[PDB]
Amino acid sequence: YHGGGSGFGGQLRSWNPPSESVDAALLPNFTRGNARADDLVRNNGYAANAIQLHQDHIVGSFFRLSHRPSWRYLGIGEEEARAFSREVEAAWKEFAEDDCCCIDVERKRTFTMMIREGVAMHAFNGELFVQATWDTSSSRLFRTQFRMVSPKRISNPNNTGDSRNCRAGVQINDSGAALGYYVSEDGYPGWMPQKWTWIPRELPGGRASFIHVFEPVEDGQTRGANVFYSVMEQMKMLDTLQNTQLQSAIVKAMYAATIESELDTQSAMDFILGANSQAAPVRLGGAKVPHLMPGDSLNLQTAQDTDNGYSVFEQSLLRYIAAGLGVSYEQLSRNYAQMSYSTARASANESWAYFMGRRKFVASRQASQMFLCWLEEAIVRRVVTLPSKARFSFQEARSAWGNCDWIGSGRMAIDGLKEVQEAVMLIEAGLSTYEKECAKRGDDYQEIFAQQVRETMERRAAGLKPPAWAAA
Amino acid sequence: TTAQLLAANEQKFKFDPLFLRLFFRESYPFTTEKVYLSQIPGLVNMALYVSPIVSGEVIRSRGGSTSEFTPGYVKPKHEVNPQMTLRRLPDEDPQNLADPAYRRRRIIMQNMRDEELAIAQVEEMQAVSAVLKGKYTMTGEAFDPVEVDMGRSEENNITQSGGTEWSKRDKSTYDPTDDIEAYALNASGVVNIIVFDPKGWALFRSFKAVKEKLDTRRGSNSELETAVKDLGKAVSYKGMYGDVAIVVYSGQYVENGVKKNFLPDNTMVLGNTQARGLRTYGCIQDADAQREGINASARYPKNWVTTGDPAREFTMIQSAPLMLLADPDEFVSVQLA
Amino acid sequence: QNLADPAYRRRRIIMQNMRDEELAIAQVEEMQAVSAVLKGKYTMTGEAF
């Protein structure tokens, strides 16, 4: 195996990376890496575009709930399960998308923006912390409020050399489970003394208190790694190349001509450039034919091509950056050159696979945990009543009572008609149901059925022709 | 002349904190300038006969005593500078080899190991000098002298004299058991373990009566290991001797280049395996440490860069330990000349 | 009774210090203001200034 050897001709005799765990290769440089990623996001055109694409495609304009408790396992009966689902969905709809924005303690974001910001933080930081608090002094029906914590404030044990159990400010038991996190205080003025607080992961009653979301890579990973470690260096170097090329082009274009003469500068520029002595500005009106004595001379400088093949190299670097980040090349670079229908559809599919994976993991898990945390409070406060004769209590079956599914925004078709024909053809056969085809457009089938059954009544009552879907 | 480094061993000395483990448990960190230990006499004068008329001589109610102690401070440190990084290390192949950066992360690692080992040695000597004798004095070049003096009766720390020396008296037809009983009569509470010293164990074992207590059909239940049992380890949990547990401890600490033995040349330490021991750790005095909010801890590590011309990234650990003995009369130390 | 470990005493010391500097600078500003109002001019001198 040449890979592990000296190399071809000794070229690899100095490439001996240490065999260390992921933690010992990530934690010593955590803060600097996070800071560099933030600097890239805040000051680069393409990084901001990538974050915007993440937020808009993974989550979308709306992130709607779909509750499906497993009634077979609980033995509660179909109608009771459906009624309980309807009541829970109505309660959540009234609590999640309110206008007063009381879901968040800071009173700044609704639920959809909270999901979007969580995906963003998971994009350029590789983790997200949502803290579920209480305000017993409040008079509202639901006193469970959530807060988003920046991963910077989950500091280590104050940066000192740490240990085995206490890693990166996340207290750990004998196994890999996490017991308690450390939270700091974000002080903008910069002079207040810092205070660190302990916030346990779970309350003694089993309720979720402080939430951590990320995707691991190896056996042990206390804190995650963002998607920029692959391609930061090329991004910064490309930005520097862009600025340097732009400045060089401006410098080369600035010096138009060059006067060579023997007389005084005022006289030489007076008798050649046409500037009047009555430095010296030159009027830009008309055409001029200067008269040059044998000593004098005039030279019109020529410059290189302004973009002598820089765009192709930009193309290569942007292709590399897009490959590293995950999105397609067209979306990141806005190039959209000439391409057939097949190439565009392949591009869209290759992006959408990754987008679906990310949505199914990060947003879905965060939303499910937040929804369960609210559901416990709703159940306890008798706002929602469980069916009787339950095989388990709510404590004994946490997921089974609230096994929920979420529907996000659906794809925007490249061909408007082909997708419609595909959906209709699948519906005509038995291969796919109504829910599957209505959900790909991000609509719930029950609402569509109710809307149609009131539309038929309105059309019948108003004196118009009955609709197509009405039953004769 | 190419090469390859097949094996690279490492040398160590016999080091295991037996005395700290057995007798000193339940560590109690404290944030205080000085700690207190309180003893109460508990001696009751006999009720003397009194005539039914005089009715006098009220008795004083008993009152105790206290003490105050101040924990010492210890801070080892090391260094690393770019000069040591370039050449090579004795633990990497001529092949393979690494960038200069990784050699620094290896040197810092071994420096951490040495710091923690030195602190552990200090703690162990701290404990052993407290078990053997009532008091110890922590002295250093820059550390002002402070001593800890638990109140141990002079009648303990018994040593042999011109009479009753085990070495001088005959090894046949004599008993050590009676002398052991007479010595252990002083300790307050039962005794459950004996911690020999290899020379002392060798002296004790050679008696003809001690062998006889082992191979008697019905006169005992004791069993030992007379033959060679442990040769490389620092501890030897040998068998029981009637009721007590026999232990031989040979642990080594280094002061200067040479290697020295903790237990001083054939002592014997009667004691209880459940003796009340205190492991007190003081408050670490470092401005950054108190910035972090850490106090009354042990082994606070840190590093920094000195912005000098040769640079340097130092490495430091601070402990401030102090081991106490709640009751100093539950041990009896015998010299065994 | 109810003592505090030094990690809290250090913070209390720090706050009282910072309040002391703020008061001193406010006092300097008032001293400049009064002289600027009561008279046209004022001199700004110090030992190392």
# chains A, B, ... in the order shown; residues from 1 in each chain; ligands from 1
$ interface_residues --of "chain B" --to "chain A" --cutoff "7 Å" --atoms "only C-alpha atoms" --output "PDB file with N, CA, C and O atoms, in the first residue's frame"
ATOM      1  N   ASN B  96       9.086   7.854   9.304  1.00  0.00           N
ATOM      2  CA  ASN B  96       7.880   8.486   9.824  1.00  0.00           C
ATOM      3  C   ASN B  96       8.135   9.968  10.078  1.00  0.00           C
ATOM      4  O   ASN B  96       8.007  10.785   9.161  1.00  0.00           O
ATOM      5  N   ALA B  98       7.719  13.757  12.309  1.00  0.00           N
ATOM      6  CA  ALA B  98       6.588  14.666  12.400  1.00  0.00           C
ATOM      7  C   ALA B  98       7.047  16.100  12.182  1.00  0.00           C
ATOM      8  O   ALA B  98       8.239  16.411  12.216  1.00  0.00           O
ATOM      9  N   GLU B 292     -11.723  32.633  36.909  1.00  0.00           N
ATOM     10  CA  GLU B 292     -12.572  31.575  36.380  1.00  0.00           C
ATOM     11  C   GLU B 292     -13.667  31.166  37.353  1.00  0.00           C
ATOM     12  O   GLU B 292     -14.629  30.513  36.941  1.00  0.00           O
ATOM     13  N   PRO B 301      -4.453  23.507  36.479  1.00  0.00           N
ATOM     14  CA  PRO B 301      -3.414  23.670  35.452  1.00  0.00           C
ATOM     15  C   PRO B 301      -3.628  24.880  34.554  1.00  0.00           C
ATOM     16  O   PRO B 301      -4.764  25.328  34.378  1.00  0.00           O
ATOM     17  N   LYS B 302      -2.553  25.410  33.972  1.00  0.00           N
ATOM     18  CA  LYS B 302      -2.647  26.550  33.068  1.00  0.00           C
ATOM     19  C   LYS B 302      -1.374  26.632  32.241  1.00  0.00           C
ATOM     20  O   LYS B 302      -0.372  25.983  32.546  1.00  0.00           O
TER      21      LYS B 302
END
$ select_by_dssp --residues "segment 13-129 of chain B" --states "alpha helix (DSSP H)" --output "PyMOL selection string"
chain B and resi 18-23+82-86+100-129
$ interface_residues --of "chain B" --to "chain C" --cutoff "8 Å" --atoms "only C-alpha atoms" --output "VMD selection string"
chain B and resid 31 290 to 291 293 to 295
$ interface_residues --of "chain C" --to "chain A" --cutoff "9 Å" --atoms "only C-alpha atoms" --output "MDAnalysis selection string"
chainID C and resid 11 14:15 18
$ write_last_selection --atoms "C-alpha atoms" --output "mmCIF file, in the first residue's frame"
data_model
loop_
_atom_site.group_PDB
_atom_site.id
_atom_site.type_symbol
_atom_site.label_atom_id
_atom_site.label_comp_id
_atom_site.auth_asym_id
_atom_site.auth_seq_id
_atom_site.Cartn_x
_atom_site.Cartn_y
_atom_site.Cartn_z
ATOM 1 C CA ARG C 11 -16.295 40.126 42.253
ATOM 2 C CA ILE C 14 -14.255 44.532 41.264
ATOM 3 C CA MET C 15 -17.653 46.224 41.199
ATOM 4 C CA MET C 18 -15.334 50.202 38.792
#
$ residues_around --residues "residue 168 of chain B" --least-positions-apart "5" --cutoff "12 Å" --atoms "only C-alpha atoms" --output "PyMOL selection string"
chain B and resi 160-163+174+203+336-337
$ residues_around --residues "residue 47 of chain B" --least-positions-apart "6" --cutoff "12 Å" --atoms "only C-alpha atoms" --output "PDB file with N, CA and C atoms, in the first residue's frame"
ATOM      1  N   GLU B  57     -18.189  18.597  97.405  1.00  0.00           N
ATOM      2  CA  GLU B  57     -17.229  18.328  96.330  1.00  0.00           C
ATOM      3  C   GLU B  57     -17.939  18.154  94.982  1.00  0.00           C
ATOM      4  N   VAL B  58     -18.496  19.270  94.506  1.00  0.00           N
ATOM      5  CA  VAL B  58     -19.038  19.296  93.156  1.00  0.00           C
ATOM      6  C   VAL B  58     -17.913  19.040  92.154  1.00  0.00           C
ATOM      7  N   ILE B  59     -18.263  18.415  91.032  1.00  0.00           N
ATOM      8  CA  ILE B  59     -17.298  17.958  90.036  1.00  0.00           C
ATOM      9  C   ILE B  59     -17.338  18.901  88.843  1.00  0.00           C
TER      10      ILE B  59
END
$ select_by_dssp --residues "segment 183-260 of chain A" --states "strand (DSSP E)" --output "PyMOL selection string"
chain A and resi 183+197-200+210-213+257-260
$ write_last_selection --atoms "C-alpha atoms" --output "mmCIF file, in the first residue's frame"
data_model
loop_
_atom_site.group_PDB
_atom_site.id
_atom_site.type_symbol
_atom_site.label_atom_id
_atom_site.label_comp_id
_atom_site.auth_asym_id
_atom_site.auth_seq_id
_atom_site.Cartn_x
_atom_site.Cartn_y
_atom_site.Cartn_z
ATOM 1 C CA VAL A 183 -24.154 28.738 30.316
ATOM 2 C CA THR A 197 -24.348 29.135 35.680
ATOM 3 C CA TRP A 198 -25.148 25.417 35.752
ATOM 4 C CA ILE A 199 -28.244 24.327 33.829
ATOM 5 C CA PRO A 200 -28.995 20.587 34.120
ATOM 6 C CA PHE A 210 -31.901 22.285 28.056
ATOM 7 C CA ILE A 211 -31.701 20.922 24.521
ATOM 8 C CA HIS A 212 -28.643 20.073 22.409
ATOM 9 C CA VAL A 213 -28.899 19.216 18.701
ATOM 10 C CA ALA A 257 -1.437 58.565 -21.336
ATOM 11 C CA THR A 258 2.092 59.738 -20.557
ATOM 12 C CA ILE A 259 3.733 63.038 -21.518
ATOM 13 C CA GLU A 260 7.461 63.044 -22.273
#
$ atom_distance --atom1 "atom CA of residue 41 of chain A" --atom2 "atom CA of residue 124 of chain A"
7.8 Å
$ atom_distance --atom1 "atom CA of residue 76 of chain A" --atom2 "atom CA of residue 364 of chain A"
26.0 Å
$ closest_residue --among "B:185, B:245, B:122, B:316" --to "residue 20 of chain B" --atoms "only C-alpha atoms"
B:122
$ closest_residue --among "A:23, A:422, A:296, A:97" --to "residue 221 of chain A" --atoms "only C-alpha atoms"
A:23
$ residues_around --residues "residue 171 of chain B" --least-positions-apart "4" --cutoff "8 Å" --atoms "only C-alpha atoms" --output "count of residues only"
3
